[PDB]
Every structure is written in structure tokens, then in C-alpha cells.
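Reading through the C-alpha cells given below for one structure.
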Amino acid sequence: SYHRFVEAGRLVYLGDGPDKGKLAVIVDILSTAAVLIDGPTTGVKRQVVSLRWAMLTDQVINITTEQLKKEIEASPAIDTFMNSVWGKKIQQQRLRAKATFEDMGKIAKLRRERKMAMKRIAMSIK
Amino acid sequence: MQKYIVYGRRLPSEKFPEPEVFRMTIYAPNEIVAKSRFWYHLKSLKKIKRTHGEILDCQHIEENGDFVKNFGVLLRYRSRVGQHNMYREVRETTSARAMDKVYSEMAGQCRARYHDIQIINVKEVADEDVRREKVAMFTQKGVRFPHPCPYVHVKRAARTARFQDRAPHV
Amino acid sequence: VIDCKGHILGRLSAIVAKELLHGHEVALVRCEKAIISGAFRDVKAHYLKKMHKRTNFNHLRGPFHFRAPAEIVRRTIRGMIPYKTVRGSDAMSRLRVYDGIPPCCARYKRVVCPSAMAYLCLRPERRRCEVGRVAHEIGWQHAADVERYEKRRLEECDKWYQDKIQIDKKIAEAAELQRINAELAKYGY
Amino acid sequence: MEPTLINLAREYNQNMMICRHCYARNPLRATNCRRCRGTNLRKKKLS
Amino acid sequence: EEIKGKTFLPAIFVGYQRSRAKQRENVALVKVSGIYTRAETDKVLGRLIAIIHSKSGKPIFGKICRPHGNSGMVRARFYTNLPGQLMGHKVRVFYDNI
Amino acid sequence: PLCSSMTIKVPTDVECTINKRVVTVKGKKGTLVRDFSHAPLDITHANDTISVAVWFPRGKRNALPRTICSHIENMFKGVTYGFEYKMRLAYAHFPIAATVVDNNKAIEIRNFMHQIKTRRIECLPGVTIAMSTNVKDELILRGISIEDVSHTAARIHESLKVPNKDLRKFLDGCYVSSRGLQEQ
RNA sequence: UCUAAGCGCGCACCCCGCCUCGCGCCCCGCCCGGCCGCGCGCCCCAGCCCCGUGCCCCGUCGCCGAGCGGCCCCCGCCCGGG
RNA sequence: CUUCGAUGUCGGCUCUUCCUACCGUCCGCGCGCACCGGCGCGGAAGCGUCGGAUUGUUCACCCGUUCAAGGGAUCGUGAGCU
RNA sequence: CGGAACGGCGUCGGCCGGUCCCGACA
């Protein structure tokens, strides 16, 4: 609308499906509501996803699968999104998914220490 | 929904010893429905009902869509008044996928169920000869447009548990 | 404490009805700014049509039709609760509905349901009418008072904003292990 | 009334078509009466 | 009781498994907090659960077995069937194996 | 990618700035502010072109771009010159006495069809009615805002109405002779 | 071009006032007592100015106060005359 | 179809609500609308829709008047009456 | 959003035609 239009090259965050969290470059635009997404370095096989399954990243990659992979190697955009807030949160989110029932307990107790630590410091620093 | 090439022939009879093998390209979800469409076609066109005939082969043909192709499909439908003929153009990676799109749209606007629709022909119309305006927009390669549904991250709210401190910016 | 500026009068009343029955107890504030989807003239006539439903023999035994908007949000959450049964009676009681943020619930931390918000739901140009304006034309005579008060509250909360950043910047400035473990130790929380 | 001021009058009074079902005034170049749910019948009258 | 320093993960007992014309009191639909999908209800499957009878003061222990919804609310049977006054009360799944 | 767009070249005298949808036209005559929140818009400045650009017009969304661009054009005209709607009182045997009551802010109309009722029409802010020296029996309405000038023009026509009767034979009251975008 | 976006005017109708009733609640007086909680920026979504988070532990070890709310809290008849 | 081990059955009176497919009045609009007056619409149920001669009569018809629409509620209304 | 014969410039999707660098008296 005013920034970030759907163009080939746009690195896209794939929200739904089994591609949750993956990032890929839209290559051909099928319709107002569908795009072909090929991520050569992120495990996203060239496929058609609706644009609803695809939130768009700000970075647009200067561009088959060999060709796109060869272009990503040159394009520094993929690394920059990981540095970006959405990316650093995305890496942190990947750690949260790799956490099970025992590993939920440690975190829950650990955050109580923060929920008290924040309330102990807050009253001293008034 | 999937591309099956089906071949059929009348039973061999003494009057005519080997009937000429027929061929057809039927788009259908499963082989049983493809074969039934074939014998719906052969009874209507070649006067041959499966009860007096044999299906020789039903090869399941699949393709690799490594690119997007503009496809144009001519179909015929049945409505509440009578039958009609429609050229609907769909851009998709594979012809079987294109038929799925043409089947969803034809039941989505024209309310035509799979059995009524009959695909007269499906072709890969090249970019220069695209005839439908909606397909024509993507015939050119500039293709810049804002995401039609950015509000569709309302489905993130369900997992956030619809308990957010602020209402999220799009 | 779910604020209701921009939230659909039906969809908030689904999230909040499950919570009350689950047994959570919630307070709804800024109720007049909630939106009843549809054009105002039709929305106004759907309520001025409901207010015609009344027991002919004695309008006192009749359905009570409420004009002030806090009640309009809660009568809706009453349909989505077994009001007659005891487990429902406890939950309707567990709902406190305040038209406008009163001093009673002002200090409470506020959360909003993003999913049931008209902004994220209705398409642009659907046409929406706020229950507060429907309330005034159905018979609410207390509209100006709740807007004068809400302005004065948003004004003292504007002075407070300047004060609030100062207290919380000092807290952050004194960041002198959970920060490096709870969200940072193969946990990413 | 002077002729110029009888012309201003007719322009904003006797110069429009009234539908034969809606009976509501519609502009002179008319396709469908705005207040008669479409409708392709209109007439007009002269003093 | 044997529950004091168990770290615990919160839960709410929404209702008895049921149909619109029959109620099975043998099972209890428990909404854990943090489990939002059916596949998510594998981290809480077969864990110990406990609901304190507010009036009795005792911890009525229970066991979860199968998820009730694609949403992840999980069915559970308590050592003794829940009274029903405790519908919409609070059960604590125990992080500590003990 | 189908959209609907129209680009308005800016007349140098105007200095319009659009933040959000709010437009503000600055010019010799004055300031004209309009709210465009009602319709989806991608209004943009830069160079000297204000372009609407409504995106994906399904079907009724193609109309607003020309209308929005139009109002930006009308706004430009008012600040450069201004809109004058001249209305002429038309009568037979019974004559009309119309007065500029306030400092141009009001008009009062008397003796129409021998009505004892004396209608007083208050102008919308910024539309200053004046008795016309050039023709007589004519009131000139000068204002930067075309919509405000025209709604006031409707108010004076609306107020003076034959009660019943054939409007065609018994025609009286005031009807606008012609709208002018120059010389106020 | 009346309408699509807006925008004006607008009916013995309608909704509120006046008016009748009014559960409860407020203030003062008498007494002035107990109990309970712990928590706020706003605005906007076609600028959405950095978006797409956070909390996620109401007993789990939290509960002092301060300060803001709540919550209970209290008040004769008979007997003559109207 | 329900009622025959019983649903009081005609009209009037008295009284209460209701419905618009609105006769007058309210707001427009159209005329073969000059005016008066008529006539056709659309929104409209707020108020008005009477007093009498004959007849058990609902109806009918006539005479008046501020000129007088249509119906419903177990053919509203018999432990209300006549 | 019981319902018809019928209308509709509400909005999409077709079909049968044509005119249109010769620009749809100039």
C-alpha cells in the first residue's frame, strides 16, 4: 500500500501449513490470492501458497531452484532479515518450539524469579 | 483434480474383429471417477456403454511445474435453465492443478458440481494470446501489488489466545 | 479487564462468555465504544424493534429492554450463559460491566481481544455503528456525562504518561541471570 | 415574471421526467428512475 | 498435603465429557494452559493432575489420557469422580514427577 | 495489480499537504481542509502530482478515485479564486425583500407570496451572501469551499417554497442562475 | 447524474424530556467500626513509523506498608387524632 | 383432524388490546393540478371515524352532524349482563 | 433472509456479434 508490495524477490514468512516459520522468495505471482514460493536455502520446496499463508518480509532479494540458490548466495538480504527484529524473534521462537514438558517447568520457575526480581528492583528504584 | 489418460474399445465381436482403441484425457480425483467419466463420454459420443465394452489402460499422467503456465480451459455446464459453454482461463503450475482451480471457481460462482461440468478442452494458451483480463494482469512481469489480506494474521490471535496487551498494527 | 473500544458486540461476547463459565471473572470497560456491525439505521431499527417485544398483560412481567450500553453488552453475554441454572447464575454475577473506564477499574492492567476487534474482522466499508450512539437514540440520556469524564481521565493519563516513562526508564537503566537464561538458554522465551 | 426568470424556473421545475410507477422526479437524460428500483418508464409534463 | 512445593502448570476443568443428550461423568475435560493444538497435548499426556476440593481441603489426584479436541483441551479421569461443584475450578498438572 | 488512479497537476498558487487522508489546501484566498477517511485512498504528493490510486477496485471502489481527485481540484480552485453562486429571486405580483442581516453571515427574506412568516437563512461558515450590484434581485454567495457554498444555496431555495399549488404556474422563490469559480 | 464515497433538509410516526411508579444506591445525622484486593499511557489500522510482541506462577511462595479502590457497616412500637 | 362421562351457541351492551390491504388529519410526489376543489401515489396507525327512524337482526337503508376506513382477538367479550 | 409472472445501471462471471492506429462534416 505505502511500503512492501508483493513482487518476485520478496522474502516471505510462511505462517500456515507445515512451512510454519520458514522464509522463501516469491518467484511467479499466480493470482491476487496466490504466489509460487521457492526457498532454496530454507527448506521451502517450490510450491503454490495462498498469500494468506504468506506474511511478507521487508527485505526484497535482488533476483529454477539452482538459479535462485545461486542468487541467494550473492544476495545478503536473507542474513539481514535474521538480524532484523522479526528474525531475531524468529530464532528465539525456534528455541521455544524445541522445548518439552520438563523444559517448560524450568522456564516457568525461572520466569517467576524475574516476575519477583522486576517487582523487588522496581520498588527500590522509585 | 488429477490428470488420467484413459483408453477404451468396444468388446471384440465376430462382425468386426478388433475395434479401434480410443483415447481420452480425463481430469479426476481418483481412477474410479476418471473411468466413470470416460464411460460417460464414450456412451454419449461413441454409442458404447461399459457393460458391452472394455477399458484397456488408465495411465496416471503427472507433470513437474517448475514454472507458471497460463492455461485456458473450455468447459460446458448445466444450470437451472439449460446447458452453456464457458472459456475460463486459469494460471497454475500444472494442468491438473489448473482443473482444480477451474472446478472450485465454477462451483464458487456458477454453482456447478463436478458431474455437470464437462471439460471440452484444456490448453496452454501462451502469454501473448491471453483473452481474460484477470489473467492478463500477470501476463506482464512487473507484478507489484500489496498483499490482499494483511488482516489475515487474525489467525495468529487464536494462538496468542486473543489476550494481547495492545491491538496489533498490520 | 477487556477494554471494548472497537470490539464486535457479538464476538467479544463469545470470548467473555466462555471465560465466565470456565470461571475467570472479567470486567469490561469503554463499553460504549464497542461496535454492532451493520449500517446504523438498520442496527438502530433492530434494537428499536427488540424494544417493542413486551408482555401484553403487564409490561412489568415483560422482557426488560435496557438502554444504557453496559447492560446492552451484558444482556448479550446473558444469552451465551445458562442464566437460569446455578452454574450460570454464578458466572453472570462474575461479570462487572462498566460503561466508560470508571475509577473502580482504571488502575487495572488492560488487555484487548485482537481477534474480535472490528478492525481485524469487518472489511473496510462494511459500515459499523457504536453501541454508544445506538444507546443515545434508543433512550440513553447519560451520553455526554460519560464522554466528559472519559476526556478528563484521558487527560490525567496524558500527564501520567510523562511521569510513567521516567519511573520505568530508571528501572531499565539499572539492569545491574534470568534475563540470560529464561529467554536465552536454549529456551528463547 | 420576466422571461429570463421564467426560464430559470422551468429549469428547476418543469424540465425532468417523472417515472410511471415511482412518480418521483428523475433527471432529463434518464436511464433508470433512482427511487423506482430501476424501471425504464418515464414521462414529464408541460404547463 | 503431599502437594506444597510442586512447581505446577495451571489448568481449568471445563466439564464432563458429554453429548447434547447424555453426560459421561467417568471423564473430565481439562483445559491446560499452554496447550493450543491436539499434537500439543502430547507433552501433557499421562501426567499426574490434582484438584483441591475447596470444602474438603484434600488434593483429589487424577490422570489425563486422551485429547478431547483438535484444540488440545485434554480428557482426564480423577481417582474419584469430580463432584460437579468443582466444574470450572482449577486443577494443577504437576511438573515434579513425584 | 489492477487499480484506479487519476493525477492532479498542482496549480503553483496552492500548497496542499496530505497527511493520512486529511487534505489541507493553502492558497491566496484561504485554507480548505477535507476528510478522506470515508474511502480507501493511496493519496500521494511528490513532484506536483496528487494521485488517488485506489487498489484492487472490486466494483464500487473504482468510483471514489475520480470523486476524491475532483474534490482536491475543487479545493485548489477555491483558494486560487473562489466559488460564487448567483441566485435570482423570481416573483410576480408579490415582491421579495431580502436583507444582508449580519456582517454578510446571514440573509432574511420577506414578502414572498405575502407570507407573514419571514424566513431567515443562516449561511454555512465562510459563505458570505451579498446583494448583487450587477443584475438586481440577485444574491451572490462567495466562499472558498464549493460544497459549503452550494449547501447554503440549497438552503435559500429550500426555505422559499410555494406551500401547495402547481409549482409550474405559481413559480416563485430563488434558483441559482450560475456557479462561478472566479472572482470569489 | 440524488448516491456509489460523502453532505444538507426532513413526517399527527418514532426515541427521550415533562409526568406516575421505582428495586436498589448516594449524602448527612447516631455511631463512626470491622474486612478485602493490588494492576493504567493514548491513538490509529490505505502509514501500519517499525508492526507480526509481551504476560504466560493467584499460591506455584506471593501476602509489609504507602496509595487507590471496594466490601460489609448503622437507625423501635403500642397508643390518641387526622 | 380435536371435542358428543357437554369447550354455553346469535346479536346487542360494557370494556380492553391488535392489524394495515389508511377514509379524514401529518410529510412529501404526480395530474387531463390557474384558484377553490377533486383524483392517483409512497412513508405513516398518532388521533378521529359520531347522534338517531325501522328490523332480534351481523348486514341493509334513510335522516341529520365537525359528513363519518376496513377488519382481528375460541364468529374477543353469558360463574359480566340482556 | 415462505413464494410467483415479472422487473433492476447492485456486483461478479459468461455468450453472440460487430465498430475500433483508416482513430472508436469533422
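How things are named: the first chain in the C-alpha cells is A, the next is B, and so on; residues count from 1 in each chain; ligands count from 1 in the order shown.
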
Taking only C-alpha atoms (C1' of nucleotides) into account, report as number ranges by chain which residues of chain G lie within 7 Å of chain C. G: 15-16, 39-41, 45, 69

Spatial neighbours of residue 31 of chain B, max dist 12 Å, only C-alpha atoms (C1' of nucleotides), sep filter under 6 positions, as JSON, numbers by chain: {"B": [1, 2, 3, 4, 5, 6, 37, 38, 55, 57, 58, 59, 60, 61]}

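Listed by chain and then by rising number, the residues of chain D that DSSP assigns to alpha helix (DSSP H) from the backbone are residues 3, 4, 5, 6, 7, 8, 9, 10 and 11 of chain D.
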
Now that the selection is made, can you save its residues with C-alpha atoms as a short mmCIF file (atom, residue, chain, number, x, y, z; two decimals), in the first residue's frame?
data_model
loop_
_atom_site.label_atom_id
_atom_site.label_comp_id
_atom_site.auth_asym_id
_atom_site.auth_seq_id
_atom_site.Cartn_x
_atom_site.Cartn_y
_atom_site.Cartn_z
CA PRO D 3 -38.90 35.65 -19.48
CA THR D 4 -35.33 35.09 -18.14
CA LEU D 5 -36.84 34.38 -14.69
CA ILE D 6 -39.48 32.03 -16.24
CA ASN D 7 -36.57 30.12 -17.88
CA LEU D 8 -34.68 29.76 -14.54
CA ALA D 9 -37.94 28.40 -13.07
CA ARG D 10 -38.64 25.79 -15.78
CA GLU D 11 -35.05 24.52 -15.49
#

Find the spatial neighbours of segment 18-31 of chain D, counting only C-alpha atoms (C1' of nucleotides), within a cut-off of 7 Å - ignore same-chain residues fewer than 6 positions away - and output them as a ChimeraX atom specification. /D:40-44 /H:29-30,41

Considering only C-alpha atoms (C1' of nucleotides), return as number ranges by chain whatever protein or nucleic-acid residues lie within 10 Å of segment 131-147 of chain B, sequence-local ones (same chain, fewer than 3 positions apart) excluded. A: 1-8, 28-34, 51-52, 54-56; B: 69-72, 87-91, 125-128, 150-152; F: 1-3, 55-56

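Note that the spacing between atom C1' of residue 46 of chain H and atom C1' of residue 20 of chain H amounts to 14.4 Å.
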
8 Å contacts from chain C to chain E using only C-alpha atoms, as a ChimeraX atom specification: /C:21-23

Residue list for chain I near chain D as a VMD selection string, 12 Å, only C-alpha atoms (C1' of nucleotides): chain I and resid 7 to 10

Counting only C-alpha atoms (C1' of nucleotides), the residue of H:11, H:3, H:26, H:31 that sits nearest chain F: H:31

Find the distance between atom CA of residue 86 of chain B and atom CA of residue 24 of chain B and write it in Å to one decimal. 20.4 Å
